[PDB]
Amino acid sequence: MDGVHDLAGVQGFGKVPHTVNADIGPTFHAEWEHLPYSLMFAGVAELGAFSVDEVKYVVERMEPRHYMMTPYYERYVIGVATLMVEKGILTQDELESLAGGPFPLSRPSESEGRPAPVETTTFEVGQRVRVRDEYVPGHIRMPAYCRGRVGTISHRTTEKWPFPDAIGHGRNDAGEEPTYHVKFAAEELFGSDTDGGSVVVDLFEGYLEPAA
């Protein structure tokens, strides 16, 4: 999904709000901040109501201006709440009632997702690959800066996982794939407009094809 969350490469942001080794304060800076994650785990591990990938997607589904003005942990409060309503566990009415006011949610999905690709290739370390020049409106674990670009395999995982583009929509057809550490030269991704060396993207096998 080509949302505003796909931030890598966007220009115009200011300074990172940190200097190295500065005091970052406590883990949680407010007494509610442990709730989104804890409640995600309840939903994933105790209720079985959704996957972690569905959490990543529902946060991507925040209305874009809403995403851009919302602090990190609050996005996950909104996202977990949205999934609990979508799955029929909770109602928006009861959330608002208990909250004592408005509790806007992420927007509905505009895609049903897609299955794990039927045809893929096992790549080896040192192999040159291109990221498939595809557009996925639903969830995908491919940042757009690498779409259509070419790089070289430095690792194939020794474990396999469900295809995000499926399981992020709660589909039954996510299969399993390994992922690959794909090293791209900085210039392959940003031309002359980068100060970097290389960027390594951890990409599912279904996002890749042999290079030319």
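Numbers follow the displayed sequence, beginning with 1.
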- [ ] Higher average CA B factor in the deposited record is what I'm after, so tell me if that's 3-11 or 201-209.
- [x] 201-209
Open item on the list: If you average the CA temperature factors as listed in the entry, which stretch comes out higher, 101-109 or 116-124?
Closed with: 116-124
- [ ] Name the one of 70, 154, 38, 179 with the greatest CA B-factor according to the PDB entry.
- [x] 154
- [ ] Would you mind finding, among 60, 54, 46, 165, the residue with the largest C-alpha temperature factor in the entry?
- [x] 46
Open item on the list: Taking only the Cα B-factors deposited for this chain, tell me whether residue 26 sits in the lowest, middle or highest third.
Closed with: highest
Open item on the list: For the chain shown, is the CA B-factor of residue 150 in the lowest, middle or highest third of its modelled residues?
Closed with: highest
- [ ] Select lowest, middle or highest to describe the third in which the CA B-factor of residue 74 falls within its chain in this entry.
- [x] lowest
Task: Third assignment of residue 141 from its chain's C-alpha B-factors - done: lowest
Task: Modelled-residue ranking by C-alpha temperature factor, third containing residue 170 - done: middle
